[PDB]
Amino acid sequence: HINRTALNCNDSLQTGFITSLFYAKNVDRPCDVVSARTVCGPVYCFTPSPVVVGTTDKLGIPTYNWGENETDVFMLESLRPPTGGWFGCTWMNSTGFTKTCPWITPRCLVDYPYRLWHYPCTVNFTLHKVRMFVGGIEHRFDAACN
Amino acid sequence: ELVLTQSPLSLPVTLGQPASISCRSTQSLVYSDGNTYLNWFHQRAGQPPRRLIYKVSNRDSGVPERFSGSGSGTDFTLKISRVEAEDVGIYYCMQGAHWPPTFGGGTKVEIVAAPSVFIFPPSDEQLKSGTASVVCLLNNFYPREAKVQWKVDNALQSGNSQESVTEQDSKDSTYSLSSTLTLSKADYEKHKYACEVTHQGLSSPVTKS
Amino acid sequence: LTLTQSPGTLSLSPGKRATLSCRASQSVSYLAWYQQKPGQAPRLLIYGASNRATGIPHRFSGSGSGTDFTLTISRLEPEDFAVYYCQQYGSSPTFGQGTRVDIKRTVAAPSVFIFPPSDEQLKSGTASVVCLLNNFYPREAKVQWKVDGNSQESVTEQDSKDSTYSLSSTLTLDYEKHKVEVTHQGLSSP
Amino acid sequence: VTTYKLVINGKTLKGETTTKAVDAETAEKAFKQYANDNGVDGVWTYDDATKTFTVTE
Amino acid sequence: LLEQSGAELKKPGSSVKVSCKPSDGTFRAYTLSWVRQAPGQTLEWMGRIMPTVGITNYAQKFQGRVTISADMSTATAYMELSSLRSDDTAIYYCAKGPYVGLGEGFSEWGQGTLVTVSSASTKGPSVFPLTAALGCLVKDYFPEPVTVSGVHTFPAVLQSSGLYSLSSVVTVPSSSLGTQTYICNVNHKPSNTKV
Amino acid sequence: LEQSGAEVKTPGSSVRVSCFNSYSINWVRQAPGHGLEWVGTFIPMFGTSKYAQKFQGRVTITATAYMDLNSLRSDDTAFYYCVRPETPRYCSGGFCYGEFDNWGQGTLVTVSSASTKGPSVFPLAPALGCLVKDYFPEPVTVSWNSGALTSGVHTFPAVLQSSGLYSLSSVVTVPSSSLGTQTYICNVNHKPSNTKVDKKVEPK
Ligand SMILES: *[C@@H]1O[C@H](CO)[C@@H](O[C@@H]2O[C@H](CO)[C@@H](O)[C@H](O)[C@H]2NC(C)=O)[C@H](O)[C@H]1NC(C)=O
Ligand SMILES: *[C@@H]1O[C@H](CO)[C@@H](O)[C@H](O)[C@H]1NC(C)=O
Ligand SMILES: *[C@@H]1O[C@H](CO)[C@@H](O)[C@H](O)[C@H]1NC(C)=O
């Protein structure tokens, strides 16, 4: 399962951001198909619930090579829900920058295991249980607000 | 509040006459990024449905050009120009611009012939058991209006004569009917059988024995 | 892939500058430098050829790229006399040989002190003849002792009292009779 | 098994050593082998109290 | 194109699992929806699953008693329908929707799986045989369906004892009556008897 | 770091040695009198493990840390340090590679066929000395005249002979006139065999 995680990180800037991929160290555009050659770490999409999206090929068959080969990409295409898959996705590109294609309210943010990694300036955020109705169906997930 | 209504519910058109099916909604299907998500489907008898239109005006591959879609917002229309004997069954309209995806009520589309009457005696394997059943058959006839009469020793019979009609065949636009008379073993031996058949294409009641 | 460190032994007095070289047999910048005091575990000094590890004194500095890399110490301190290794972690982890740094001292000629086996040893069926080098400097010494593939060496560390070495070459053993050469800098004649 | 001691009273080599074996007869060959490899060929006694041998040249 | 599980008879209260296997043997970028059709009712959409990511979206009607699972390396999606009742007797289809979402419909459809909920016991079919024409009749079977192979297959008809019965004939020329031989191939999945 | 103590084993057997932020478990060995050899590397977060070529099919790194070495050889006799680095420099599927930061205290492994054996002491007749030979295993403490004489004492590091038995030399520099005036007795002590020897050296 975890073999579908893109691992192409490169700490050229000597910042040490790959540490957050392992442990919670003190940190202190339309959705299209992206190549796994640039992605570093898990790719999360928010439906609004947080979901990980693994590496696939150009057709959609699952690949388990950690995003090594140039053929491995990420299937990031969805309409706006309920009919669509997700509203957007976030991930870290291989040199340590956060990319987007989680913000419910300008004050809150959908919490997920790597929320502090993608958004470092969200540490001093209390947690709130949020019920959200997207087309009649409810979603009980945790959000990180002020 | 969102309800899909198809009209007309039954559309009879003779072979070669343009037809139109309307599927009106109560809410606008324009969605967020445009592209009104209205899709038309066609389900034959014994086969699952298959999509012919996936966005009102867009035609699916493997579908004859004789199909077209029109309308915007609430009103919608699936118009056929050259109706063939292939276009038979029920037509649906599904929506995917509002959760959950719902389908339309359905529109059954249907389009002179003479029947060839047959009759089969019950087998000895059935007479050896508890009861027996004689079968009357009309093969390939149009229209569906038909009448059968079971005469055991020239006397009419009822209460045990059940019939069955097949789907309008997409090959030649014909029907088929099978009658069945179930009687006990003793009630079958007490007589020495003919099913009377009437039709429009015929000139007189044809009967086999 | 193989790393080549030069020079082997580096004689330097406290306060002087040390410069090491890590020659790579192929292109790499992913190189690390480690020191290992005798008896202790290695300590990381420099990662990425340039960046200095946390808590490492400013004297330890490194540079280089490609095949040639250089470790430089500004001013040597008494706690800096140890063996130094360079390691490549860019592909398959491979280390270099030793680059020993010792306390410099005026040269001292070694001593012969040839030792024959004893009678208690001949009863066991084996024979061992020993050659003892005593209080010499520098460390560089190769033995072709002669006086007669099956020998070994053993050298002590630099003494804290006089900063001199000592070597003891022993031969395993084929014996004739009862009676009857070093290569060192200290003495002109071998 | 028992812990057998050994006392060496040679003219040049002196000391002690122990070993582990089943009996004093099986542990006797290991002592004669040890004393002979060091060059001590002497007279052997046996103390049955502390299970200890003694060799004197 | 997509395979599907066979027909089943489940007593009220139990659960039923229906498999759906794409012909490729592997999963691709598409949503695999589940649609059912009650007898004499319009198509009803139950749930959606993306086998690549594992997202499930159930309808509010079936929320709490339906479970659409997936099993990769096997390329077979399942549908756990618990707390069965009388109105759940229907044909169940698995449909392939686009990966981007729904709205654009379903490109491919499964063959269909007729699940029958009843408290009566399963009874196998009793078979009796019958230009010109040759017929082959099926009688006293429960539950539906029965597959028989210009050929005409007749729809079943309910009897008084609760059993079903259907017929199937075919018109053949009278020149090869004694030369050729005809055997009707009939299988009843709930009884699992090929005659 | 914290590691296991030194253990002596036989060829062909198996050893399991034991071993704060950390992203990988790196094992590095050092043969006595040699450079540094890199054994395998394991990552618990991902479950992957990359091993060396010569240690390909006989080493495993389970998850505290452990290192299993099967089918031992006489070459595996070395110190075994485990490294748990802190920050990784780059990942390239499915490993993350970086420098070696936090090293262990050390675990010495000795692989020999011979069992425990007492040392043989031979004199070095004149400087003089005592030759401690054919003993197993480490260590051995050599002292001269009950620790009286310490000036000029040279105790060379223990050498491992081809016969799996260690050998050690202990010499000392003394005046040439004290041959017939002073006594020299080298105290030898080998606790792995409860051996406490006092051998006297005599000139010629
Ligand atoms: C990761 O993202 C950063 C920022 O989006 C990329 O840096 C940009 O690279 C492009 C093309 O080289 C430049 O035009 C921009 O000016 C760069 N932006 C900044 C802020 O430096 C970086 O290249 C990405 N990493 C990879 C491997 O593609
Ligand atoms: C990381 O980037 C630097 C410069 O951007 C490059 O020299 C280095 O080779 C890269 N690392 C890898 C593993 O490609
Ligand atoms: C969060 O709190 C830390 C102190 O723990 C502070 O340094 C930092 O500035 C705070 N973040 C923001 C965005 O103010």
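Conventions we followed
Here, residue numbers run from 1 along each chain following its sequence as written; these need not agree with the numbering used in the entry, and residues that have no coordinates do not appear. Key to labels: chains lettered from A, ligands numbered from 1, both in the order written. Excluded from the side-chain calculations are hydrogens and water; all other atoms, namely the structure's heavy atoms, are used. Residues with missing side-chain atoms are left out of burial classes, side-chain pairs and their counts. Strands here mean DSSP runs of E at least two residues long; helices mean DSSP runs of H or I at least four residues long; both are numbered from the N terminus. In this description the radius of gyration comes from C-alpha coordinates, and the expected globular size is given by 2.2 Å times residues to the power 0.38. Any residue under 20% of the maximum accessible area for its type is buried, any over 50% is exposed, and the rest in between are partly exposed; the area is computed with a 1.4 Å probe on protein chains only. In this count, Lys and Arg are taken as positive residues and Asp and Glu as negative ones, while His and the chain termini are left out. Where a charge sits is defined by one atom per residue type, namely NZ (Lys), CZ (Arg), CG (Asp) or CD (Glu). To be near a molecule or strand, a residue needs just one of its heavy atoms within 4 Å of it. Side-chain atoms alone can form a polar contact between residues adjacent in sequence; in general such a contact is a pair of N or O atoms within 3.5 Å, and within protein one must be able to donate a hydrogen while the other accepts it. Shrake-Rupley sampling with a 1.4 Å probe provides the accessible areas, and residues are treated as covered by the protein chains on show and by no other component. Only heavy atoms enter the contact rule, under which two residues are in contact if any of them lie within 4.5 Å. Here's the idea: put two parts together, see how much 1.4 Å probe accessible area each one loses, and the total over both is what we call buried area. By salt bridge we mean one thing: a side-chain nitrogen of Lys or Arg within 4 Å of a carboxyl oxygen of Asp or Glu. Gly counts as polar in this scheme, as do all residues outside two lists: the nonpolar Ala, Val, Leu, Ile, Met, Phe, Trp, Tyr, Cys and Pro, and the charged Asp, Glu, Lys and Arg. In plain words, nonpolar cores are sets of buried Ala, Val, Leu, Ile, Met, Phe, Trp, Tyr and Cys residues tied together by side-chain atoms within 4.5 Å. Strands are treated as partners if at least two bridges between them are detected by DSSP. Pairing of aromatic side chains here covers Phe, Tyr and the six-membered ring of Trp, requires ring centres within 6.5 Å, and sorts the geometry by plane angle: under 30 degrees stacked, over 60 edge-to-face, intermediate tilted. To get an axis, fit a line to the C-alpha atoms, keeping to the stretch in contact for a helix; angles then go from 0 to 180 degrees between the N-to-C directions. To be clear, the arc concerns the directions from the helix axis to the C-beta atoms.

Peer 1: What's the story with the overall build of chain C in this structure? I'm lost.
Peer 2: The number of helices and strands found in chain C is 1 helix and 17 strands. In terms of C-alpha radius of gyration, chain C reaches 21 Å, well past the compact-globule figure of 16 Å for 190 residues. C-alpha extents for chain C along the principal axes are approximately 65 × 35 × 30 Å. Across the 190 residues of chain C, 43% fall into the buried class. Computed over 18 positive and 16 negative side-chain charges, the inter-centroid distance for chain C is 8 Å.

Peer 1: When you look at the site of ligand 2 in this model, what are you seeing that I'm missing?
Peer 2: In the region of ligand 2, the neighbouring residues are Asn10 and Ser12 of chain A, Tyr30 of chain C together with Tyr90 of chain F. At ligand 2, the nearby residues belong to more than one chain, namely chains A, C and F. Within the contact set of ligand 2, an oxygen atom lies 2.4 Å away from a side-chain nitrogen or oxygen of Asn10 of chain A. Protein contact buries 37% of the 360 Å² of open area that ligand 2 shows by itself.

Peer 1: Is there a simple way to explain the site of ligand 1 in this structure?
Peer 2: All names here are of chain A. Taken together, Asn93, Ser94, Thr95, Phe97 and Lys99 make up the full set of residues near ligand 1. Interatomic distance of 2.4 Å between a side-chain N/O atom of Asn93 and an oxygen atom of ligand 1. Contact between ligand 1 and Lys99: an oxygen atom at 2.3 Å from a side-chain N or O atom of the residue. Look at ligand 1: alone it shows 580 Å² of surface, and the protein chains cover 31% of it.

Peer 1: Looking at this model, I keep getting lost on the interface of chain F and chain C. Mind explaining?
Peer 2: Accessible area lost upon the coming together of the parts is a frequently used measure of interface size. In this complex, chain F contributes 37 residues to the contact, which on the side of chain C involves 39 residues. Carbon and sulfur atoms make up 64% of the area that chain F and chain C hide from each other, which totals about 3100 Å². On the chain F side of the contact with chain C, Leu36, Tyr90 and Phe156 of chain F bury the most area, a combined 18% of that side's loss. The tally of links from chain F across to chain C stands at 1 salt bridge. As a salt-bridge pair, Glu120 of chain C and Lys199 of chain F come within 3.8 Å of each other at their nearest N and O atoms. Along the contact surface separating chain F from chain C lie 8 residue pairs in polar contact. Residue composition of the side of chain F that touches chain C, grouped by class: 21 nonpolar, 10 polar and 6 charged.

Peer 1: How do you make sense of the environment of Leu149 of chain F when you look at a structure like this?
Peer 2: Residues and elements named next belong to chain F. Mapped onto the fold, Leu149 is located in the loop between β14 (141–144) and β15 (153–155). Through-space distance from the C-alpha of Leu149 to that of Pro203 is 18 Å; in sequence the pair is 54 residues apart. When residues no more than four places from it in sequence are discounted, the contact partners of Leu149 are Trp144, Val172, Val174 and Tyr184.

Peer 1: Which parts of the structure should I look at to understand the pattern of salt bridges?
Peer 2: A side chain of one charge can pair with a side chain of the opposite charge if their charged atoms are brought near each other. According to the stated counting rule, one finds 31 salt bridges over all chains in the structure shown. The salt bridge partner of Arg36 of chain E is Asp88 of chain E, with a shortest N-O separation of 3.2 Å. Of this pair, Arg36 of chain E sits in strand β5 (residues 30–37) while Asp88 of chain E is found in the loop between β9 (76–81) and β10 (90–98), placing the two residues 52 residues apart along the sequence. Residue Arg36 of chain E is classed as buried on the basis of its relative accessible area, which comes to 3%. A salt bridge links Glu99 of chain F to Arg89 of chain F, with the shortest nitrogen-to-oxygen separation between them at 2.9 Å. Of the two residues, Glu99 of chain F is situated in the loop between β10 (96–97) and β11 (108–111) and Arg89 of chain F in the loop between β8 (78–83) and β9 (90–91); the sequence distance between them amounts to 10 residues. Here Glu99 of chain F falls in the buried class, since its relative accessible area comes to 2%. For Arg89 of chain F, a relative accessible area of 7% puts it in the buried group. Members of the salt-bridge network, linked through shared partners, are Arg44, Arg66, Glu84, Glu86 and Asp87 of chain B.

Peer 1: What is the right way to read the nonpolar core from this model?
Peer 2: One broad rule of soluble globular proteins: the nonpolar side chains tend to lie buried together. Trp33 of chain C together with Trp27 and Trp103 of chain F are the most contacted members of the largest nonpolar core, which totals 60 residues. Grouped together as the second largest cluster of nonpolar side chains are 40 residues, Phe27, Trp34, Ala59 and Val66 of chain E included.

Peer 1: Just to check I follow, could you spell out the sheet that holds strand β15 (residues 147–148) of chain E for this structure?
Peer 2: Backbone hydrogen bonds hold the strands of a sheet together, and the pairing may be parallel or antiparallel. The antiparallel open sheet is built from 3 strands, whose spatial order is β15-β19-β20 (chain E). Single-partner strands in this sheet number two, and they are β15 and β20 (193–194) of chain E.

Peer 1: In this structure, what is going on with the packing of aromatic side chains? I would like to understand it.
Peer 2: Remark: the centre distance and the inter-plane angle together describe each pair of aromatic rings, the angle taken between the planes. According to the stated counting rule, one finds 37 aromatic pairs over all chains in the structure shown. Ring plane angle 45° and centroid distance 6.2 Å describe the contact between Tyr34 of chain C and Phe95 of chain C, whose orientation is recorded as tilted. One end of the pair, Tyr34 of chain C, is in strand β4 (residues 31–36); the other, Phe95 of chain C, is in strand β10 (residues 94–95), with 61 residues separating them in the sequence. Judged by relative accessible area, which is 0%, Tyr34 of chain C ranks as buried. Here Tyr46 of chain D and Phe53 of chain D contribute two aromatic rings whose centre-to-centre distance is 4.9 Å and whose plane-to-plane angle is 45°, an arrangement assigned as tilted. Relative accessible area serves as the criterion here: at 4%, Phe53 of chain D is assigned to the buried category. Here the aromatic residues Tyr34 and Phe95 of chain C together with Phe79, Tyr81, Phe100 and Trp103 of chain F are joined through ring pairs into a cluster of three or more.

Peer 1: How should the arrangement of the chains be read in this particular structure?
Peer 2: For the 8 pairs of chains in contact, the maximum contact count is reached by chains C and F. As for chain C relative to chain B, no contact occurs, and the smallest C-alpha gap between them is 48 Å. Here chain C and chain E are not in contact; the least distance found between their C-alpha atoms is 33 Å.

Peer 1: What's the story with the sheet that holds strand β8 (residues 68–73) of chain C in this structure? I'm lost.
Peer 2: All names here are of chain C. The strand order β1-β3-β8-β7 describes an open sheet built from 4 strands, whose pairing is antiparallel. Here the strands that pair on one side only, and so sit at the sheet edges, are β1 (3–6) and β7 (60–65). The sheet shows a mean angle of 20° between the axes of neighbouring strands, taken without regard to direction.

Peer 1: Would you mind showing me how to read the pairing of β7 of chain C here?
Peer 2: The two faces of the sheet receive side chains in turn, since in a regular strand these alternate between them. Residue and element names in this part refer to chain C. Pairing of β7 with β8 involves 6 bridges; the strand directions are antiparallel. Its bridge partner being in β8, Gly64 is matched across the sheet by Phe69. Here β7 folds back onto β8, and the loop between the two strands holds 2 residues, one of which, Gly66, carries a positive phi near 70°.

Peer 1: Looking at this model, I keep getting lost on helix α1 (residues 26–37) of chain D. Mind explaining?
Peer 2: Restricting attention to buried positions, one finds in α1 of chain D the residues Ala27, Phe31, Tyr34 and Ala35 of chain D. What you see down the axis of α1 of chain D is that its buried residues fit within an arc of 95°, all on one side. Set apart from the buried face of α1 of chain D by more than 90 degrees, the exposed residues are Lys29 and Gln33 of chain D. Looking at the buried residues of α1 of chain D, the elements they touch are β1 (2–9), β2 (13–21), β3 (43–47) and β4 (52–56) of chain D together with β19 (195–201) of chain F.

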